[PDB]
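To start, the structure itself, in structure tokens.
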Amino acid sequence: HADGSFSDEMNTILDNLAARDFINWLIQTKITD
């Protein structure tokens, strides 16, 4: 927190919407099998 409280969401979009959306959504298909 601080004033806009934007950092928090700005971090979750990376942790949540990147680790599981860089090689686990349009690519694991070409790896698991």
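The sequence shown maps to residues 1 to 33 in the authors' numbering.
Using N, Cα and C, we set each Cβ at its ideal position, and we do this for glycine too.
CA-CA distance, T32 to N24, rounds to 10 Å. Straight-line spacing of the CA atoms in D3 and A18 works out to 26 Å. DSSP, read as helix, strand or coil, puts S7 in helix. Taking the Cα positions, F6 is about 22 Å away from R20. The C-alpha of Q28 lies about 36 Å from the C-alpha of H1.
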